[PDB]
């Protein structure tokens, strides 16, 4: 019983890092199609192991954590409303944020960001 070919083995899990960057949803669907899921982090060690095997400590990798927000009237810190032109490129219609590993932290980022992603399989 080994991890599939080209998957990284660690403790009870197999990991695979995506070839391309894309949105969170594209990652979630990609992992599904592999009989896998986006990475669920059990502890910081796991996070450190991955990041040190990949050698991209700055980059962001999508993981399996997301929240949605109700519809929001976005305003600048001075109280002025964002105008039409800027709203066209601000966040996503879905108003979701998605977790990504970066460094040795987990940060939430708009889900339409293009990031690589990490899929996981449980061996045991």
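Positions refer to the first chain, counted from 1.
Peer 1: So 75-83 or 23-31, which one's hotter by mean CA B-factor in the entry?
Peer 2: That would be 75-83.
Peer 1: Averaged over C-alpha atoms, is the B-factor higher for 65-73 or for 35-43 in this PDB entry?
Peer 2: According to the PDB entry, the answer is 65-73.
Peer 1: Quick one: classify residue 8 as lowest, middle or highest third of the chain based on its Cα B-factor.
Peer 2: For residue 8, whose C-alpha B-factor we compare with every modelled residue in the chain, the answer is the middle third.
Peer 1: Give the position of residue 98 by CA B-factor within its chain, expressed as the lowest, middle or highest third.
Peer 2: Lowest third of the chain for residue 98's C-alpha B-factor.
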